[PDB]
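As structure tokens, one chain now follows by itself in the form deposited in one PDB entry.
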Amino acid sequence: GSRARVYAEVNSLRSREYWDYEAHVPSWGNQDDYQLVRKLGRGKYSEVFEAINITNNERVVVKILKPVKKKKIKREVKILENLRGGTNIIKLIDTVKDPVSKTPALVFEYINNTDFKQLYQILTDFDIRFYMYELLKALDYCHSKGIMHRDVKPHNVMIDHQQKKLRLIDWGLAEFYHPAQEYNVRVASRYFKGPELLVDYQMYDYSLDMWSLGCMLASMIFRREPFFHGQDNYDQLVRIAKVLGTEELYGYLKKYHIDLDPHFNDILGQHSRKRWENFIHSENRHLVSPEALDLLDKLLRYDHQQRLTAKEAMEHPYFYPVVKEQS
């Protein structure tokens, strides 16, 4: 079938307890130590509040989990435990429960983020290189720990643009990678779904996250956010094929023995592969360089096996100015 080019066997080389999250027994502390200040957001399975730890006055966030998704709670908890101390990964401070209802919650460090819709409009060339390099550190770390994030998107990449801090958040869709395992393709936000998800190819790997990061890179350097703006999952693949080309799509499908949903017959059309330079104009030209386009071209590929790994991306010349500054 398909296997990851890096870190393919890393979970099988670790103790079973590392990846067998259904067997994980979290230590649940007392949520009563936290005073909720403000609701920050709400999703299908969780709500996040700004909070104060009343025993030490530290500001934190509390993510209250819709209880009874028990397996999924253990998964997120175990993944965060395994990622402890990872570079640019949101820090899990504690796992707590309401001591009466037993509803679980996760306590994270607080990041004073700048909303990406405002931020992306003011980023310089160097800013984009810097933040993408920092994001790559988090992905390389989690992939090396055997974990796919599966929901990389601007809302999950919190950036404090004053302190220059970046954290990859919301590990609720993340999974452990096991060679030959078939995964649910209902992951990621529509605009950040890799072609593999859109064509129902279940034997995917860490390279899914590299598609999503390529989409974010394109949106930043070209100032089109989101970059591929589908109206539904079918239209999402059409938007991708209008840039990457249809002949190239068909070669990918043939290589992996993938059959397209026949509804695509009515909507895909015929599209040449476009030059990345076609997206340059006066409003984004200062953010685009030959190195940026070369990197992007090596991320936004149909063939998940040919996309750069996070490490190879970090090694690309596009980041040399950042490396030089960090030394």
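Start at 1 with the first residue shown and count on from there. Take the two forms, find the largest set of C-alpha atoms that superpose within 1.5 Å, and that set is the rigid core.
There is another form of the same protein, the form deposited in another entry; it is not shown, and what comes next is about it.
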{"property": "Option from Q163, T124, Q231, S101 moving between the shown form and the other one, CA shift at or above 2 Å, rigid core reference", "result": "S101"}
{"property": "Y45 C-alpha moves between the shown form and the other one by 2 Å or more, core aligned", "result": "yes"}
{"property": "Threshold 2 Å Cα movement between the shown form and the other one at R273, rigid core reference", "result": "no"}
{"property": "Core-aligned C-alpha movement of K298 between the shown form and the other one reaching 2 Å", "result": "no"}
